[PDB]
Amino acid sequence: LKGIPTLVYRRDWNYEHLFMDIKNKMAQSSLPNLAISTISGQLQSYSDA
Amino acid sequence: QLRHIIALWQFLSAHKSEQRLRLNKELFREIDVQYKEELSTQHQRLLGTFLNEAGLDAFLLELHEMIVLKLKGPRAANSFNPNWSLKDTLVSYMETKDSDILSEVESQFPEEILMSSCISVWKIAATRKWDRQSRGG
């Protein structure tokens, strides 16, 4: 039942199939406590965000 | 590096919203009006009792990812009935992937937050974050 002709309905912008794909291919760690301060000090502007 | 991206993403996502908090703007504007109501005094007193001993730096991050990924607006009451507790939906969302700090929200979060007041809990958490990182330093 592989190649059945089928049009697709749902528009895959739920961001969650994307997330489950990143946990599948790579071993995603968390952020360091100093890199939080680094990326939050340098992004005080709203346009840069 | 690329093993941080999603967490990096959600951090910056929450960061954008908290910038919306400090410039005094209407900060969601697209989600449904049913969730955008005020807490009563008892719920926000129990919330403050939670937040006095709380890992805010992960709490408001996970809450903001869940709201802007799940509470999208039209057809969002499918699995997210606005009369449940936040503790049950957060632990049910968070046994799939995450291995974080779970006993604090198991033994300390209030049992009767009444879901329809969802984002005002986030507003109180982020303004407590801002009072800590601005009034102190």
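Residues numbered from 1 in each chain as written, not as in the entry; some residues may be left out. Chains lettered and ligands numbered in written order. Part of a larger assembly, values for the part shown. Heavy atoms only, no water.

For this deposition, the record names cryo-EM as the technique by which the model was determined and cites 4 Å as its resolution.

K.L.:
Quick question: what am I supposed to make of the interface of chain A and chain B here?
P.N.:
Think of interface size as the accessible area that goes away when the parts come together; that is how it is often given. With 21 residues of chain A at the interface, the matching set in chain B holds 16 residues. Of the roughly 1700 Å² buried where chain A meets chain B, counting both sides, 70% is carbon and sulfur surface. When the area that chain A buries against chain B is broken down by residue, the three leading residues are A:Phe19, A:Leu31 and A:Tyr46, summing to 30%. In this structure, the connection of chain A to chain B is made through 0 salt bridges. Here chain A and chain B share 7 residue pairs in polar contact between them. Looking at the side of chain A that touches chain B residue by residue, the classes come out as 12 nonpolar, 7 polar and 2 charged. (Contact = heavy atoms within 4.5 Å. Buried area = accessible area lost by both parts, 1.4 Å probe. Salt bridge = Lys/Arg side-chain N within 4 Å of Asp/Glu carboxyl O. Polar contact = N/O pair within 3.5 Å; in protein donor to acceptor, adjacent residues only side chain to side chain. Nonpolar A, V, L, I, M, F, W, Y, C, P; charged D, E, K, R; others polar.)

K.L.:
I would appreciate a short explanation of the pattern of salt bridges in the present structure.
P.N.:
Pairing between side chains becomes possible if they bear opposite charge and their charged atoms approach one another. As enumerated under the stated definition, the model contains 5 salt bridges over all chains in all. Between A:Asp21 and A:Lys25 there is a salt bridge whose closest N-O contact spans 2.6 Å. Residue A:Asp21 and its partner A:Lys25 are located together in helix α1 (residues 16-25), separated by 4 residues, close to a single helical turn. For A:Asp21, a relative accessible area of 36% gives the class partly exposed. A salt bridge links B:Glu26 to B:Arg29, with the shortest nitrogen-to-oxygen separation between them at 3.9 Å. A single network of salt bridges, built from pairs that share partners, joins B:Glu18, B:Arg22 and B:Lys129. (Helix = DSSP H or I, 4+ residues; strand = E, 2+ residues; numbered from the N terminus. Buried < 20%, exposed > 50% of the residue type's maximum accessible area, 1.4 Å probe, protein only.)

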